[PDB]
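Participant: There's a structure below that I have some questions on.
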Amino acid sequence: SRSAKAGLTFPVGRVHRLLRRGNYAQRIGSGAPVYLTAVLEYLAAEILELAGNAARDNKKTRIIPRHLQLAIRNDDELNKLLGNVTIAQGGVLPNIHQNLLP
Amino acid sequence: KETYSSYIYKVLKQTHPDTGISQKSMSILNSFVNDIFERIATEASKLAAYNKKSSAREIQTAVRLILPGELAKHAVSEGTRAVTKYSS
Amino acid sequence: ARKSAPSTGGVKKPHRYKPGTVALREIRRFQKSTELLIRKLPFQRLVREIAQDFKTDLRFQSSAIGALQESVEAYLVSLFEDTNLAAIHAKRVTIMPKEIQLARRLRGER
Amino acid sequence: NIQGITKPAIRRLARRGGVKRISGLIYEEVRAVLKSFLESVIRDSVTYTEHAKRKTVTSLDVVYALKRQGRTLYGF
Amino acid sequence: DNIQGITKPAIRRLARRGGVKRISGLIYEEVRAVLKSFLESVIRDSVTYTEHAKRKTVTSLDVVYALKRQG
Amino acid sequence: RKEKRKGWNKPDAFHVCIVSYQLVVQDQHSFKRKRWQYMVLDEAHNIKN
Amino acid sequence: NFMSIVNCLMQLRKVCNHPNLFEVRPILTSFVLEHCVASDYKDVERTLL
Amino acid sequence: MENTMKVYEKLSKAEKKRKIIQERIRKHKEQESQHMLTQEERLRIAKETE
DNA sequence: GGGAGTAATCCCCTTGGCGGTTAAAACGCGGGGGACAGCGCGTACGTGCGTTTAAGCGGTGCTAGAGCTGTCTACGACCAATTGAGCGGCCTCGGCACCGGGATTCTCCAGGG
DNA sequence: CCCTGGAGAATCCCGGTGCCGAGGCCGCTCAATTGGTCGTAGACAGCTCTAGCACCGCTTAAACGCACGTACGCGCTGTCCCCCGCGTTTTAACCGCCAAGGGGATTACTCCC
């Protein structure tokens, strides 16, 4: 199919069909059907690595959504590029002030 | 009903194959995929609106416009790899 | 002992705990909590009691009420953090409406 | 219903919010503002329930209202 | 490395015309730092727009688009 | 209940635990963890469906 | 009033109660109307005097 | 990410040490006392309970 | 001889209070952290200073990226069509769920020195 | 007073039992790129264009320091309000109880083949 020809894991034929149905502009270059798919796989792969190490931190083989929140909230860049989304099963990272605790 | 469940499982096995999943995480990752895609496409279209236009370069420059350079360099490299593989 | 019991009662004893340490332990235990806290059934009761004003026969779904609960519950917590930081910025470790109004007028209510 | 979020519920929400001491004249205004927010979101939800005059409200409607309200939410 | 060459008496006069009865050097330094950070955070999108404008000279359309994106 | 169960796991501190018909419904997690040699369901008309 | 699973429940309440629970005889008292005829007539007489 | 990996590794080593020490404690306590089934002092404990 | 609404059966499925509970919400207060009022201080800006000074002000000679045109070719829309990525019941077994077991240290009370 | 014992116990991690969960297996099933053309539009030269670069150099008005000098955030103090935790009390859903309809159909009846 399209994945073997492109040599990429995430399907791009369906993604390119969705982009064509989008019709965002008159000139839609079809030569890169997997560019957005490539960037999303890279982002999701680094997110998955962060979530995996977070889950292995607390002897949790299965990724609890709290681990996902911790993974997406422990990095300055990740919170900078999006910080206005409230994920299900919340809970901010632990914090304390120099005045509340001795 | 073409979802990304198979692709998500593939990327799971690629990154952390030993790690399992929940029953609602896949919805979160699918939302990440498609919402990032549509917002990036909308920014690309609004950028191309001014210039007369009636591909890889547009997507790459849209990525470099707003998305951080730390990720933008990797995005450009992987996009070049993908387009070369497609042309191969 | 109120009545027949395991021998002699009153084993509870005067064991009052002073605040501060109790407050610290309860906030520490509450922070790790990640699920819903307020009762959902009164929430749906009130949201249906405040929906017929627009129109009746609107009907609802579990996904809907769940999403509104998630939206309201995950938004006021950041407000609480902002109010607490504005409070301990001044010499007021307790919360009063002054710093909450301060937070409202710095977070762009309009 | 005015007393939906009762006093202990608001108290434990505040404790989850990391406050040392919570005074006894603070929950009224917080309740007022959250009721205003709830009225706004339900008004939007009923508006887009009549986008196709659908006779039911679902998660799509409320996520629409919240995503155009500026307070984006995730987990779905 | 001219970024440290911004004249402090400029901030002194700006504070004096802005008011306040106590404007220490810490206030001047912090407002200078935040102004520089904001200038950088807007010029980044300005120069990216110029790069994705097929042009190499700064023009008002670039800053107009930058401020529209930034609000 | 927790105070009673404190001295219940390790030793043979008891043989019969007096439990009502409705207590087991909410406490099933602690009940099923312990294997019981015998149980009796007095007034079997309580459960019929 | 299609439903009738409890339509005999009010009959049972009637039989056992003997309307000393449905409605008991109260301590009768007259009406307590309070508007009064002279509510808006003191001003005129005061001005006249 | 490597800091998280080494933190996880040291957490695993501490968990393994706790496993070893608690398992040794449990094994020592298991073999120290086997007396609940004797059918002789049961009369004494029954009399005390009565 | 043989099949389909009508009569009838199935099997809970409704219906609404209706007893009997165990989880929460709303009480009262001794003290007790928590907020608030007074007084000095000291330092560090507000200013009115004499003194340089650096963008303004006015005009210039072009010039180097910009505004801009054919145009013509690299390239964006193009519909057959087929087997493949994948999407859907299903069905198992251990990661997770929840609670007791006991050492370390967290922490506060009764002393020792 | 610092230090030692002495106990409730958080946390750790392990159990210990119950379950439901990712994905494979069977089924199939919808579209991506080949295969080509229609046109088209965006960069290759060509012309140009237009105010920016930097320059000329006084000239007030920022740079810019300093002594009077006092204003109030904060150091302490006293003065003193009502947050917070132990013991009680009043709602609240939920498991059932009870019994009269629920409803597609096919399998006696009788009308179709």
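Each chain in the structure tokens gets a letter, A, B, ..., in the order shown, and its residues are numbered from 1; ligands are numbered from 1 in order too.
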Can you pull out the residues contacting residue 70 in chain B? Cut-off 12 Å, using only C-alpha atoms (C1' of nucleotides), and skip same-chain residues under 6 positions away; I want them as number ranges by chain.
Facilitator: A: 42-43, 77-78, 81; B: 63-64, 76-77
Participant: Selection from above, N, CA, C and O atoms, as a PDB file, in the first residue's frame, can you write it?
Facilitator:
ATOM      1  N   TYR A  42       6.977  11.796  14.874  1.00  0.00           N
ATOM      2  CA  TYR A  42       8.125  12.193  15.687  1.00  0.00           C
ATOM      3  C   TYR A  42       7.671  12.731  17.043  1.00  0.00           C
ATOM      4  O   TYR A  42       8.200  12.339  18.098  1.00  0.00           O
ATOM      5  N   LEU A  43       6.669  13.617  17.033  1.00  0.00           N
ATOM      6  CA  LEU A  43       6.149  14.170  18.280  1.00  0.00           C
ATOM      7  C   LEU A  43       5.585  13.074  19.176  1.00  0.00           C
ATOM      8  O   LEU A  43       5.900  13.005  20.371  1.00  0.00           O
ATOM      9  N   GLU A  77       9.628  22.790  26.996  1.00  0.00           N
ATOM     10  CA  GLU A  77       9.221  22.947  25.602  1.00  0.00           C
ATOM     11  C   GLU A  77       7.807  22.429  25.368  1.00  0.00           C
ATOM     12  O   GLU A  77       7.018  23.065  24.658  1.00  0.00           O
ATOM     13  N   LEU A  78       7.472  21.273  25.947  1.00  0.00           N
ATOM     14  CA  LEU A  78       6.148  20.696  25.733  1.00  0.00           C
ATOM     15  C   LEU A  78       5.056  21.588  26.306  1.00  0.00           C
ATOM     16  O   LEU A  78       4.025  21.811  25.662  1.00  0.00           O
ATOM     17  N   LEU A  81       4.812  24.853  24.016  1.00  0.00           N
ATOM     18  CA  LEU A  81       4.141  24.745  22.726  1.00  0.00           C
ATOM     19  C   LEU A  81       2.655  24.433  22.870  1.00  0.00           C
ATOM     20  O   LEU A  81       1.889  24.700  21.937  1.00  0.00           O
TER      21      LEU A  81
ATOM     22  N   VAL B  63       5.714  24.475   9.252  1.00  0.00           N
ATOM     23  CA  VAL B  63       6.255  23.888  10.476  1.00  0.00           C
ATOM     24  C   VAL B  63       7.308  24.809  11.082  1.00  0.00           C
ATOM     25  O   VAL B  63       7.319  25.062  12.292  1.00  0.00           O
ATOM     26  N   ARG B  64       8.203  25.337  10.243  1.00  0.00           N
ATOM     27  CA  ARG B  64       9.263  26.208  10.736  1.00  0.00           C
ATOM     28  C   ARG B  64       8.743  27.565  11.196  1.00  0.00           C
ATOM     29  O   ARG B  64       9.424  28.242  11.973  1.00  0.00           O
ATOM     30  N   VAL B  76      12.007  18.844   9.426  1.00  0.00           N
ATOM     31  CA  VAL B  76      12.529  19.069   8.081  1.00  0.00           C
ATOM     32  C   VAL B  76      13.347  17.870   7.618  1.00  0.00           C
ATOM     33  O   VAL B  76      13.225  17.422   6.470  1.00  0.00           O
ATOM     34  N   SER B  77      14.192  17.330   8.500  1.00  0.00           N
ATOM     35  CA  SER B  77      15.012  16.182   8.127  1.00  0.00           C
ATOM     36  C   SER B  77      14.145  14.979   7.766  1.00  0.00           C
ATOM     37  O   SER B  77      14.363  14.325   6.737  1.00  0.00           O
TER      38      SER B  77
END
Participant: Using only C-alpha atoms, select each residue of chain B with any atom at most 8 Å away from an atom of chain E, and give the selection as a PyMOL selection string.
Facilitator: chain B and resi 51+61+64-66
Participant: Let's see if you can do this: from backbone DSSP, list all helix (DSSP H, G or I) residues in chain F, as a count of residues only.
Facilitator: 17
Participant: What lies within 10 Å of range 81-97 of chain C using only C-alpha atoms (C1' of nucleotides), ignoring chain neighbours under 5 positions off, as number ranges by chain?
Facilitator: A: 97, 99-100; C: 76, 102-104, 106-107; D: 14, 16-27, 29-30; I: 34-35; J: 83
Participant: Which distance in Å separates CA of residue 19 in chain F and CA of residue 43 in chain F, to one decimal?
Facilitator: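 Going from CA of residue 19 in chain F over to CA of residue 43 in chain F, I get 13.5 Å.
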Participant: Could you list, as an MDAnalysis selection string, every residue within 10 Å of residue 51 in chain C, counting only C-alpha atoms (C1' of nucleotides) and ignoring same-chain residues fewer than 3 positions away?
Facilitator: (chainID C and resid 46:48 54:59) or (chainID D and resid 39 42:43 45:46)
Participant: Export, as an mmCIF file, in the first residue's frame, the selected residues with N, CA, C and O atoms.
Facilitator:
data_model
loop_
_atom_site.group_PDB
_atom_site.id
_atom_site.type_symbol
_atom_site.label_atom_id
_atom_site.label_comp_id
_atom_site.auth_asym_id
_atom_site.auth_seq_id
_atom_site.Cartn_x
_atom_site.Cartn_y
_atom_site.Cartn_z
ATOM 1 N N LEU C 46 -28.426 19.604 38.792
ATOM 2 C CA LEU C 46 -28.392 21.056 38.650
ATOM 3 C C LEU C 46 -28.283 21.468 37.186
ATOM 4 O O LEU C 46 -28.917 22.443 36.767
ATOM 5 N N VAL C 47 -27.494 20.741 36.390
ATOM 6 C CA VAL C 47 -27.311 21.145 34.999
ATOM 7 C C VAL C 47 -28.593 20.933 34.202
ATOM 8 O O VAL C 47 -28.871 21.680 33.256
ATOM 9 N N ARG C 48 -29.394 19.923 34.558
ATOM 10 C CA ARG C 48 -30.700 19.777 33.927
ATOM 11 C C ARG C 48 -31.692 20.798 34.465
ATOM 12 O O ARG C 48 -32.573 21.254 33.728
ATOM 13 N N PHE C 54 -33.614 27.640 28.552
ATOM 14 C CA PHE C 54 -33.494 27.813 27.110
ATOM 15 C C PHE C 54 -34.624 27.092 26.385
ATOM 16 O O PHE C 54 -35.340 27.690 25.572
ATOM 17 N N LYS C 55 -34.811 25.809 26.687
ATOM 18 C CA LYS C 55 -35.870 24.990 26.113
ATOM 19 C C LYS C 55 -35.872 23.641 26.817
ATOM 20 O O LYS C 55 -34.837 23.187 27.311
ATOM 21 N N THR C 56 -37.041 23.011 26.850
ATOM 22 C CA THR C 56 -37.181 21.670 27.396
ATOM 23 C C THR C 56 -36.874 20.666 26.283
ATOM 24 O O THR C 56 -36.417 21.041 25.200
ATOM 25 N N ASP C 57 -37.100 19.375 26.551
ATOM 26 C CA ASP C 57 -36.904 18.280 25.590
ATOM 27 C C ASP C 57 -35.545 18.351 24.894
ATOM 28 O O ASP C 57 -35.377 17.870 23.771
ATOM 29 N N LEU C 58 -34.553 18.936 25.569
ATOM 30 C CA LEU C 58 -33.208 18.992 25.003
ATOM 31 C C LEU C 58 -32.512 17.640 25.088
ATOM 32 O O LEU C 58 -31.740 17.281 24.191
ATOM 33 N N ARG C 59 -32.755 16.892 26.169
ATOM 34 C CA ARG C 59 -32.139 15.589 26.420
ATOM 35 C C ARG C 59 -30.625 15.701 26.582
ATOM 36 O O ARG C 59 -30.028 16.730 26.253
ATOM 37 N N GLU D 39 -23.454 28.678 33.276
ATOM 38 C CA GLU D 39 -24.520 29.231 32.451
ATOM 39 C C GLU D 39 -24.014 29.536 31.048
ATOM 40 O O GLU D 39 -24.689 29.232 30.059
ATOM 41 N N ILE D 42 -23.457 26.122 29.176
ATOM 42 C CA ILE D 42 -24.704 25.446 28.824
ATOM 43 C C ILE D 42 -25.453 26.228 27.754
ATOM 44 O O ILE D 42 -26.112 25.640 26.890
ATOM 45 N N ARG D 43 -25.376 27.562 27.793
ATOM 46 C CA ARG D 43 -25.982 28.359 26.734
ATOM 47 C C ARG D 43 -25.340 28.044 25.392
ATOM 48 O O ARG D 43 -26.034 27.808 24.398
ATOM 49 N N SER D 45 -23.771 25.286 24.619
ATOM 50 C CA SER D 45 -24.100 23.904 24.288
ATOM 51 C C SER D 45 -25.495 23.795 23.691
ATOM 52 O O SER D 45 -25.703 23.061 22.720
ATOM 53 N N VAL D 46 -26.465 24.515 24.257
ATOM 54 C CA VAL D 46 -27.810 24.467 23.695
ATOM 55 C C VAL D 46 -27.858 25.187 22.352
ATOM 56 O O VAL D 46 -28.670 24.837 21.489
#
Participant: Near residue 17 in chain J, within 9 Å and counting only C-alpha atoms (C1' of nucleotides), which residues show up once chain neighbours fewer than 2 positions away are dropped, as a list in words?
Facilitator: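 Returned residues: residues 29, 32, 33 and 34 of chain F.
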Participant: Produce a file of the selected residues containing N, CA, C and O atoms, as a PDB file, in the first residue's frame.
Facilitator:
ATOM      1  N   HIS F  29     -14.429  -6.974  48.663  1.00  0.00           N
ATOM      2  CA  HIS F  29     -13.010  -7.008  48.324  1.00  0.00           C
ATOM      3  C   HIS F  29     -12.189  -7.638  49.440  1.00  0.00           C
ATOM      4  O   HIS F  29     -11.283  -8.438  49.179  1.00  0.00           O
ATOM      5  N   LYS F  32     -13.512 -11.695  49.835  1.00  0.00           N
ATOM      6  CA  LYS F  32     -13.068 -12.690  48.866  1.00  0.00           C
ATOM      7  C   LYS F  32     -11.585 -13.013  48.999  1.00  0.00           C
ATOM      8  O   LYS F  32     -11.162 -14.097  48.585  1.00  0.00           O
ATOM      9  N   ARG F  33     -10.790 -12.102  49.563  1.00  0.00           N
ATOM     10  CA  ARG F  33      -9.367 -12.361  49.744  1.00  0.00           C
ATOM     11  C   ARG F  33      -9.102 -13.477  50.745  1.00  0.00           C
ATOM     12  O   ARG F  33      -8.005 -14.045  50.743  1.00  0.00           O
ATOM     13  N   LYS F  34     -10.073 -13.806  51.592  1.00  0.00           N
ATOM     14  CA  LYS F  34      -9.918 -14.823  52.624  1.00  0.00           C
ATOM     15  C   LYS F  34     -10.750 -16.043  52.251  1.00  0.00           C
ATOM     16  O   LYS F  34     -11.956 -15.925  52.010  1.00  0.00           O
TER      17      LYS F  34
END
